[PDB]
Structures are given as structure tokens and as C-alpha cells.
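Naming convention: chains lettered A, B, ... in sequence-line order (proteins, then strands); numbering from 1 in each chain. These values consider heavy atoms only, across backbone and side chains, with no hydrogens, waters or symmetry-generated copies.
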Amino acid sequence: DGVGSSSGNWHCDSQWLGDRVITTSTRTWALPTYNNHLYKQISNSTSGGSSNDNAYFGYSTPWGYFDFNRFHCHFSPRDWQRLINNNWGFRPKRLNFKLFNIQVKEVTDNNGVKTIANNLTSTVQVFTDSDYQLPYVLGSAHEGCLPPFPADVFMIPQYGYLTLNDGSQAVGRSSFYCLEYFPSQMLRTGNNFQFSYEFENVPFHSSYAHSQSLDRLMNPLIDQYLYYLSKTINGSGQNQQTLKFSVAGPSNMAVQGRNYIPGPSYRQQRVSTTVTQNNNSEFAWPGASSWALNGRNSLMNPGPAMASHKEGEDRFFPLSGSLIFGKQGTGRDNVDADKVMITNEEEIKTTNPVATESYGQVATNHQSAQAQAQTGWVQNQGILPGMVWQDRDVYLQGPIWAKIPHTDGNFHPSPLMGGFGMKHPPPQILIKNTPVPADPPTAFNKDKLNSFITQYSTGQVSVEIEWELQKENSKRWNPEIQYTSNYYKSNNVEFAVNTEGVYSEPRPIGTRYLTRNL
Amino acid sequence: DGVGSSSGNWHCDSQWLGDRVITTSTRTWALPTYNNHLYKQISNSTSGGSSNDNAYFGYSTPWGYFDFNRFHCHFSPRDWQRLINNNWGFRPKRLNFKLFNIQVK
Amino acid sequence: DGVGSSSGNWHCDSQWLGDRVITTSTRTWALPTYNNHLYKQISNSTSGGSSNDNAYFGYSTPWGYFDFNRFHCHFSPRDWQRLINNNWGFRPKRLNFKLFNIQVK
Amino acid sequence: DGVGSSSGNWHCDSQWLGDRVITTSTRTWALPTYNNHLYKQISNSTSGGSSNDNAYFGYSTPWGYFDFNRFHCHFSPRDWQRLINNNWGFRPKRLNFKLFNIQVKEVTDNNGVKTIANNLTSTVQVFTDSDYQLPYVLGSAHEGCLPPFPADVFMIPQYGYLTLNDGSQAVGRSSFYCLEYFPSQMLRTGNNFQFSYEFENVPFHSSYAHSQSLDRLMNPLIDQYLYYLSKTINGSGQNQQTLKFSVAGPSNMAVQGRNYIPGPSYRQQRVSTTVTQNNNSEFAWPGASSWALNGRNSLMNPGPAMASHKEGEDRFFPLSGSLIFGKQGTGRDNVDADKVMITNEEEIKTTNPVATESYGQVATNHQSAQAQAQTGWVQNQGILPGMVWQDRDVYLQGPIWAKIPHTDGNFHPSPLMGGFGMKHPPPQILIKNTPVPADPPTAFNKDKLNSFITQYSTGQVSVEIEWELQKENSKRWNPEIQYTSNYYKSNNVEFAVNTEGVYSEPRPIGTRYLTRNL
């Protein structure tokens, strides 16, 4: 429109209908100039990397991008509490995104002092990768998302991508992408940008915990009509071999026939938070479970959805089997256990195997009069017919969605870090300040200009997402477990600001508090 | 239009139809003041030339000009590869040119 | 039709449309008499096999069969090159099969 | 149709309308099996060639082809005489082609004796290269065309083609063509084949000889209003330099100004048919004019249309400047001059330069008091503005058309051997006997069959061409030169059969007997 007219209003609210909840969040953003308007080839050689497992090749772009792939970007703690305490499931339906109130500033430095002024004629470029023609980086748990607290002003992260690499070198199959080779809208201070997105059909997330275990689905009062081999010898010596059979009933539930079995496994090492119970050696990387791709080892992290620990074993965790969040103010490198928040998936112990245990035991030989029957620990077990399992729970500060890789085949493409897997997720939204050259020389020079006016941009961003709800219809008589704040007095209110205005999330919040039968 | 409204968008893409390919390219340009707004007579004497074969007479103008008479101004390397590997011939048909987002400093 | 009239023509060509390619291939075949018009029980004993892993039981029929389950039966090397250099994917859609110009000797 | 019904009639006649003549010719052909149904790579190594100039690479196909690219295939000698004596020009308009009365035979050899029988169920395959996707070999003066005499039965020539070569080896750019990769009609004894072709617009062939010379177009009674420098010195000593000018008139026609000049040249060596006037040395290849392409020298043959000889110099010919036809029964290698028929282009001496002379003389220096004026013989001269020329004449036994090479540029694409140049000439008509395998083994073998029944095919071929005529409207008073037979008694009639039934063409017949002004 014009310089003196706002191009949008501040929309931040949650609307709770019967089967739907609409979340709207608005944030103020700041966008600097990245790479001084240049594309730069990057690799482990440029960053000084040495290990083969961490070698990479890619490019850093002068473009930024908007990321809102975390639940706290849309749900307040109270809204999250309502969702998790009142619904058996939820899923995103549609998306509305807006950029408005664009403000481009120029910075001039004379001598140790910088002056900031408006540049009303400068432009900012925005476009969406609706055709998914660029590498998708929103599927990784990267920082730079919209802040959970609406009053926080955030910096737009720089967009970068990786391609095929051989050490620090590239190959002929490696791809280079120029983001200026895409049509993009150019916005001055009076212009705004908006688009709508429809989520593809995804299953409802399981925001419930099973009230039954897979091995306890039988009637505890009635025998089965099936038999089991109870004895093989002749009880109370030589030549004592005689078959025996008994009815599988309530007294021996472990041997009853069952139609379904727990889901797959890939065993993790077990770590205690009581440090003196751990071995006196360096076992992080060495002791960890991993997978290999083209000679590179990548940590199995977080891996298959598996129960974090056995009942009562709360002190133990799988070495890389769980999402680890950092508390407010936590450092980047080598922080103590009290500075991080270790999530756990104990709710899925009713259907999923324990991460630090074998799947089970399997026969490994043919027993005879000369050879005793032998069994072997199944340390990893693939998908088998009749298996059932629960996916990893999602969290308030955890990811929402991920892009399913474009491959010939996949199985249960639920993101392993939690969330909704989609072939066509919300498109990447890329933003960049248009370069403004400084005064050029009065004589023609064919070289590209390298002198630009120092600029940055700021504005507001709004994203509205409609969520579909799956209401609970339980006939359970006793009250359910519910997420609740603690009344006991404390220096600060949980999920609030401190005396210095710092917002903090004191704990990870899952979604599985209500219960339903298996 | 106005100071605070963009006069055009960034269009840079290639569209491949059956018998036609449409190339669009957008660039950012900078234009200084040439000859301090003056027309100047130029010659090999003004530039110090001596040889008869390189003697010339002309004028330098304060005007600039836009030139896109090179194939890489319109075709990306991948588009060029497609064109050369899949076609026995090609020729230009029509042209569209735009200047927008003027900023004078 | 008749003895002196051909029952079909030689069709062997590839037609490249926008999103579709139609491949046609014609070949000359010869069919002898198999097993002297008999069905015969066959096994690894009849062929002299001894290993358990290669033991088998079956029948050999006096019938022949037409097989075109290889890509080079339909795509020339140039057509294959075009397909692989210009397309992200392909799949068969429909089939037409013909036998003609029968000659029994 | 059926075995016992003819699929076509014998059509061989010429119909003379006002401005059009329609020629129809029917011939009986025989088609054997070529290369035993195989494609074979051929090169100068396979044929034993050694010279770089004659090196080649290509393929020989089992297909034959029909060729009617010679005028005597359509015009009888009497029709040719009428055409050349009554018309100033002619050009082909449209084409009709027919194959019918197909007869396929099988040959069986027991012991030194062969038995031939019909194979009523066998097929012959025919198709036309209407899209010009195969190498065009009809543009070369190859043998194998339809015989001039309708009663002669001819053998179908085998189709072969050449591609890019480096010595006897091929390169990556070389192309291999499979003629079975084309849709073709399969014909039994009851079937027939036919198609129609329309000639693209071509200029009328010049079937006239100019009655004026390019240097004698002025009025012989009137002076020009232009002057010439007659003298430079001071006639009848030193210091005698004085300019002079005179009117160019009838007394000095050589110096008159002229608007047009004779056409281009590329000088040929001069050979006498009186052998004792030639040099006592071997000068064929060495003394010949040539052009070079990629390091290979190709004889300039016949080259630019140039007058064969000066007036009265009938004994001389240009070393490779003229079409040479062989008399009936003439051998293939090293025949005497009386066994061949040397064509001449003396009719174009009025506009085209003499093949064995320089184009002219050009100044090569600046004359002065110290240096005498110098001139140099122009041995070859390219196209210049104002040039006019006549193309090479066509002959009864000479070629009709040729395919203009598909190139970015060309100039006056009239075939240098004579005829009509076309981007889309009459398409190649390719024919092959369908292989008929012998008895295969009773056990499956994956190798391609190499045992086939010995077969050949025979039938009739008809081609009808409509020619447009350009009538003469001359006001010449005296009678014209006309082609005529000689009444004087002879043992045989010219253009007739001998006592052994051998048809012969005793002389080449041009088209340029009538006259018109320049």
C-alpha cells in the first residue's frame, strides 16, 4: 500500500471449536545480510573437519528461511494442556501464512558509531518452494524457529543445503541450486506476502497411553482351548524322556497363545544418571548403536520407537534412544545432566520392546540326547507379521512434521524424531534482502559489484494452522492421569518469565495422559 | 506507483513446452553518471593511438545501455544442456523486457 | 484370408509424444516340433542331477511360447538413451500383440 | 488379391498434351538375397583399400532399392527428340510408382542341379523413406537404374551407405541404421504396392542454346556515351607521359562498358584426343584439379558448369570437367577413348568461361615511372555481383535429380552433374525378401538362425512422371538446329537392338538445340 499504512495486524490467539482448534501466532523477525549477498561452497575442509563420518559438501546461500516446525510455535502451554488432557488424537489440517509490516533499514558507520535509518525504496524477496525443488532442511530439528513466547524477537536462520560428497570433494552427480533462479515476490515497506497450504491426509497422533499390555489381553478367568508342552523328561538317573502337555490358563499367562507380538527393536546401550553405576571408561561413541551408509557411520539417534526403560528403572536411559532438550540458558558443549531435559517413552512399554533389552530369545540349534537346547538373544528384530507398535510421542518443544524422502519404497514413514510424515509437507519459505549496490565507479568495469549498502530488514510474521481433534469416548470409571501444574510455592511460575524477562520451558510435555484399551 | 510499493517482481525461470522454451532472467543493475553528464568527442589522438589501422573518431555519451546478447544471460547450464541434447535446432521468437524497482541514490 | 495375401505388415518404430512413448517391434520367428508332439515327465533323475538343492520335478510340453520381457525387445539404444536422459520415470501402460504371415513347412 | 489374379497391368507409353507430357514406364525386375539377410560393417580395410583419399566406413544392408534417376528410364529416344526439338524448358511435376505381380521363388540344389519352384506363402517387404531419415544414395550416378529398353530385365541394386570415418575406423558420431526399424508393407504374390509423390517447385531446365554472347549484347551501329583511356604516353625518347581517352564504339567492342560478366571458374587441365599433342608423362591424378575435405582430396569432377572448349577446339577436353558415358559393352577398367562417350558443354560458351582457360587478368601492382604495370592470371574466380551463367546440360542417359544436402547455407543448388536440385526429392524405395528359415533344431538354441531357404523374387515395376513444358515463342526467321537421325545407310539402326538383341545408345543426347536471345 503505502509507507504510512500498516500492511497487517497482530493476530495471536487460539480458537477451540468442537472437533477443531485453530492456532494463530504472530512474531517479530529480523533479517540480516547473509554471506554478503554471495553463494559460497562449504565443506568439512572449509570448517576444518577431519573425520570421515562428519565429512560433507554443500553451499551456503544469502537467503534466510522461516521455520515454524515446533509445537510451541503455535500452542501456548495452557492450550497444549487442554489438547493433551481432553483429546485422544490430533493432526494438522490447513495452513495460513502472512508476512507484513516490512521495514528495511540501512546502517552507516562513520567512526566507531553506527547510524540506522529507513530505506523506503529497498525491497525484500520472498518465495515458497511449493514444487519442492530445493533441498528440504525443515525435516531436521534445527534452531531458528518462531519463539515459544510471542514477545520474543527472533533472527531468521540462514538457508544452507548439502549435496553428494566424497570426503571434502564433490562428484559429478552433486547439484548446485541458485535460489535467484526461482520467481519471487519483491516487497517494499508497503507490500505484504501471504499464501495458504493444505496438509495432506495423515493419521491422528496417538495422544493416549494404553491401559492394557500386549501380553495381558486374555480373560484372566477362563482357560484357553490350546495346549503347551509342560514337561519333556520323566521328573524324579538315565533314560528319562517323556513328552507332556498342559492347558494354558490364568495361572501361566506367559505361555498362552497370542495373536499379536510387540513391534521391532534395535538394542541401545544403557546409561545410568547415577554416575557411579556406569563403567569407568569412555563408551559414548564406541558403545553407541549406529548404521552405515556408503562407508559413513551415523549414530542410531533417536532410532525405532522403543520403551525408554523397564517399570521402576527411571534412573536409566538409552545412550541415543530419546530426544534431549536443553534448559533455558544451557551451553552448547559439554553440559551436565541437570542442564538438559531427557525425554522418555515409558508410555509405549505396553506394545513396544525396551530399548536396552533384547527383543527376545530364538532357538539356535536342534536339541537331542547329546546336545542341550540352545537359545540366542535377539539384539535387533525387523518387522514381522502380527507386530503392533506405537510411534514416538510428540512434545510441546518438539518437531511437528517432516518430509518423507522421495524414494521407491518406505515403511511406516512416521518421522523417527516424532510428528507427521508427509510427501508434500508445508513448503519452505525463503526470504532475502535485495542487494543495494553502493556508488559504482564512473568508468565501466565488467566485474560484479562487491560494494553494497549495509542493510537489514524487520517485520512481523503470522502463521495460522487449523487442527482436527479426536475426542475421547472412554467408559473408564476411575479418573484419568492429567497434566497439571504444582500448587506448591516457588520463586517463579512455570512457563513464565523471570525477573529479567527471560522465558523458560521447565520440562518437556508429552501428549499421552489419557488412556484407552489395546 | 508510490515510494513504498514495489513496481515489479523477481522473475527468473525456464518453461519447457513441446516445441517452445520460454526463458526469463532477472538481474540487479547499477548505473553511475557517465562523462559527468557530458558528450565528449573521442579519437585515437585522445586515447594516444598511433597506428593507422586503429585510428578512429567518435563520441562518448552520458547514456548507458542494457545488453543481453549472450546465451548465458537467458539459459542456465542445465537448460542449455537440455536444449543441445534434445533439439536439432532453435531460434528466438519474441521478447519481453522490463525495468522496475528504480532506486536513485 | 488367403494363401497369396499377407496377413500383416512389418511395424517397427518408436513414437515419442509429450508424456508417452509408443514402442513397436516386429521379429521373424521359427517354431519347430518339440518333444515330437509329446508331454514328458522330467526330473533331476532324467537329467542326471544328484544334489538336493538342484532336485526338481516337472513336465516338458510340445508347446512353445513368446517372450518379450526384456527392455531391448522394445527400445532401441537411441530410444533408451532418450528415455534415460530426459525422464525421471516410466512405466508400461498397455500392450498390443500380433501374429501374422504364418508359414508352415 | 489371389494367387491366380494379376495385381497390375503393363503400362508403358508417353502422352503429349499441350504444356505437359506424361511418361509411363514398366520394367521386370529380379531381387536376390543380399548379404544372406545380414547387415555387415564395411570399410576400406575390408575391401583392401590403402589410400587416405579413398578410405571409408559404412554398412551393407540386405535391402535392395529401386532407382529411376536417369532420363532414359522414362523418355524413349523419339520422345526425347520431340522434347528437345520443341521445348525451351521442362521440369518434373508429380510421380506415381507401382509394384505388382510379385513372384517369390525358392531354389533347391541337390547335386550340381538347381530346381526353382514357387513359394506362394513368402513375402517381400517394401517401404519408402518419405521422411528422408536414411542416407540418400540416389544423388550419385550409380548403376542399377531401370533399363532404357523396356524389354530388358534388370537386377535390383543392393542398398549401402557410408558414415563418418577416420581411416578404416569409425568415430562416436558415426551412425548405424537398421532398415527393419522402419514400418514396411509385406506383400505376398497377390499383393501390390503403390504411392504418389509431388515434386517440389524447381526452375525449368534450360533446353536452349543462347544465340547471343555476353560480350556482344550492344548495338553494333551506335557509340556508347562512355569513354576509355586509349593512350598513356606521348606516342612517337624520355619524359613522354600524357593521358588520353576515346569513345567506346563498334570498332572496339572489347573495351565497351558492360553490365554483366561471365559466371565463376575453377581451371581444369587440357587433354587432347590426338595423343601425340599430350605430354609424355603420367599427369592424370597429379595434373587434375581437386578440393580437400578433412585432409581427404576429392577430384573436382565434373565441377562448375564451364564451356568444354573454345570455338573450333573440339579435339580438346577438360581432364575432369565433363560427364563421361560408356558405350554398350565397354569394360570397367582402362578402356580406350573410342569405348567411351565424352560429353561437351560448348553451348554455354556464350555465358560461361572456358574450363581450360583463366577467368581473366587482374592487376597485381601499382604502375609508376619505375615499375611497369603487372597483371596476373585469375585461375579460379568466385561468384561476383552481376555474374550470369548457364547450368550443366542434362542428357538422355544422364541423371534427373539430386538431394540438396541439409546444410545451413548453399548457393544455386543445381546438381553439378546436371538435373534438378531438391530438398525433398523422390523418396528412396527400399525392397527386401523376407528371410524364410530352414528347419530349426528340435532343441531350443538362443543363437539367431543362420540356415535359410534360398529365395529370390521377381515382378514388375511401373513409374509415371508428369512433366511440365515451356514452349518456345521465338521470332527467329532462319530455321533452328534440330537433333536428327542420319539417313545414310548403316548396318544397324541407331537406338535399336543388334542382331543379338543387344540394345545400345550410340551417342549422348543433350537438350540444347533451340535458341533464344541472351
Side-chain angles (χ1 to χ4, degrees), chain A residues 1-7 37 63 101-104 106 118-127 131 133 175-193 430-453 455, chain B residues 1-16 21-40 42 46-47 60-70 72-82 96 98-105:
Chain A
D1 189 12
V3 177
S5 181
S6 181
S7 58
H37 315 275
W63 292 73
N101 294 333
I102 303 301
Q103 309 160 60
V104 193
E106 57 180 0
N118 292 280
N119 193 319
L120 307 176
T121 60
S122 42
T123 61
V124 182
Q125 305 175 225
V126 182
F127 74 98
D131 296 333
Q133 296 168 313
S175 302
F176 169 70
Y177 297 96
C178 178
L179 273 63
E180 284 72 12
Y181 196 47
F182 291 79
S184 60
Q185 180 181 346
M186 308 187 68
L187 295 76
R188 291 193 171 181
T189 58
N191 304 122
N192 51 14
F193 171 80
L430 294 148
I431 183 178
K432 186 194 67 176
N433 299 328
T434 302
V436 177
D439 51 323
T442 56
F444 170 75
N445 192 277
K446 65 176 183 59
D447 302 329
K448 63 175 184 178
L449 303 183
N450 61 333
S451 182
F452 300 94
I453 299 180
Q455 280 189 332
Chain B
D1 189 12
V3 177
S5 181
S6 181
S7 58
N9 293 321
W10 189 280
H11 297 103
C12 190
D13 190 8
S14 63
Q15 186 177 4
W16 286 86
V21 50
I22 301 179
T23 61
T24 309
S25 59
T26 302
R27 302 293 189 273
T28 299
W29 52 265
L31 178 66
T33 294
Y34 282 119
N35 290 346
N36 202 266
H37 315 275
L38 295 178
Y39 287 77
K40 295 183 177 181
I42 61 178
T46 61
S47 59
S60 60
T61 71
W63 292 73
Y65 66 98
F66 287 95
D67 193 3
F68 46 87
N69 197 12
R70 302 180 72 176
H72 60 184
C73 309
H74 318 271
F75 288 96
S76 65
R78 175 52 188 160
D79 291 317
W80 192 257
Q81 181 185 31
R82 282 191 283 257
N96 181 266
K98 289 186 177 58
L99 294 181
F100 54 94
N101 294 333
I102 303 301
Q103 309 160 60
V104 193
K105 305 287 187 177

Show the pairs of one donor and one acceptor atom, one from chain B and one from chain A, lying under 3.5 Å apart.
{"from": "B:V3", "atom 1": "O", "to": "A:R188", "atom 2": "NH1", "distance (Å)": "2.7"}
{"from": "B:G4", "atom 1": "O", "to": "A:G190", "atom 2": "N", "distance (Å)": "2.7"}
{"from": "B:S6", "atom 1": "N", "to": "A:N191", "atom 2": "OD1", "distance (Å)": "3.0"}
{"from": "B:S6", "atom 1": "OG", "to": "A:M186", "atom 2": "O", "distance (Å)": "3.3"}
{"from": "B:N9", "atom 1": "OD1", "to": "A:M186", "atom 2": "N", "distance (Å)": "3.1"}
{"from": "B:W10", "atom 1": "N", "to": "A:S184", "atom 2": "O", "distance (Å)": "2.8"}
{"from": "B:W10", "atom 1": "O", "to": "A:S184", "atom 2": "N", "distance (Å)": "2.8"}
{"from": "B:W10", "atom 1": "NE1", "to": "A:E180", "atom 2": "O", "distance (Å)": "2.9"}
{"from": "B:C12", "atom 1": "O", "to": "A:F182", "atom 2": "N", "distance (Å)": "3.3"}
{"from": "B:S14", "atom 1": "OG", "to": "A:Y181", "atom 2": "OH", "distance (Å)": "2.9"}
{"from": "B:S76", "atom 1": "OG", "to": "A:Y181", "atom 2": "OH", "distance (Å)": "3.4"}
{"from": "B:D79", "atom 1": "OD2", "to": "A:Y181", "atom 2": "OH", "distance (Å)": "2.0"}
{"from": "B:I102", "atom 1": "O", "to": "A:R188", "atom 2": "NH2", "distance (Å)": "3.3"}
{"from": "B:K105", "atom 1": "NZ", "to": "A:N119", "atom 2": "OD1", "distance (Å)": "3.3"}

Tell me, for A:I453 versus chain B, whether the close heavy atoms (under 4.5 Å) come from the side chain, the backbone, both or neither. side chain
With sequence neighbours excluded, residues passing ring pair (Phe, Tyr, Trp, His ring centres under 6.0 Å) with A:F176: A:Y59
Pair count under 4.5 Å, heavy atoms only, with chain A: among B:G2, B:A30, B:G4, highest is B:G4
Side chain from CB out, backbone as N, CA, C, O: work out which of these in A:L120 comes under 4.5 Å of a heavy atom of chain B, or both, or neither. both
Name the region of A:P440, side chain, backbone, both or neither, that has any atom closer than 4.5 Å to a heavy atom of chain B. both
At a 4.5 Å cut-off on heavy atoms, which part of A:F127 comes close to chain B: side chain, backbone, both, or neither? neither
